[PDB]
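The form solved without the ligand is given below as one chain in structure tokens.
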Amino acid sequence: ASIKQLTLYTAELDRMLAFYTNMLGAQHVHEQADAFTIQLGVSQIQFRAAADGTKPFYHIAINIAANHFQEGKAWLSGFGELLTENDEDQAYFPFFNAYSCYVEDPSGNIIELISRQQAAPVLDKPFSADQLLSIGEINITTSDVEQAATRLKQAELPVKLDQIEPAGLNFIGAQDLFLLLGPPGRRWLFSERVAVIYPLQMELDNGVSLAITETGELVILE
């Protein structure tokens, strides 16, 4: 499956709108009162105003073509200093056979471009914002990992309950989309920030809709 719509919160609505408009172009953004949406290929993200006293952020990876990694990395570096880990400004993940690069947006969201070497198409054309393919990862940071995994299995997602680690990160998915299911607490790779529970809502290709409440419970909406 793929993510049709992801709803996230932000305490920096105005700066976020300016950042994404400059990055993707007005044609890929739609401003509303107290919220705006951005189009990322077949996926859309709607950023809504956060509650005062909160500064939500998330880890979002965006799929790009198998052959577009260096162009993607160059393009991303135009919007912010590339984040680094172990002093390197990119990573290779053998589990996903993918190359990744990162930048922070105005809210501190960890924005990753992930180029899956065998699980993404080869696009014989120049890379551009119009070549972002879909959302490839989103963190599902929950107060109950076991309960959450059990419910995602119903949402029809591939889940091997016997391998679910309640105190760690769990890669739930296949092909080009993986939900990063885990508890709050640990520092995210490439970031100074640690995983913390913030609300979000997600609508999948299969008509399944879910939400993470402000206390971290994963709930199937439809």
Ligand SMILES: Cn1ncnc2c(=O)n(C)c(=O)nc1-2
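In this text, residue numbers run from 1 along the sequence as written.
What comes next is about the form deposited with the ligand bound, which is not displayed.
- Of the candidate stretches 150-158, 65-73, 187-195, 46-54, only 187-195 has residues with heavy atoms within 4.5 Å of the ligand in the entry with it bound.
- Residues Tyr99, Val103 and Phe178 are none of them found to lie within 4.5 Å of the ligand in the entry with it bound, as judged by heavy atom distances.
- A residue is said to contact a partner when one of its heavy atoms sits within 4.5 Å of a partner heavy atom; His28 fails this definition for the ligand in the entry with it bound, lying far away.
- In the entry with it bound, none of the heavy atoms of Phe79 sits within 4.5 Å of a heavy atom of the ligand.
- Using a 4.5 angstroms limit between non-hydrogen atoms, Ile172 is distant from the ligand in the entry with it bound.
- Counting a residue when any of its non-hydrogen atoms is within 4.5 Å of the ligand in the entry with it bound, the one hit in 109-130 is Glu112.
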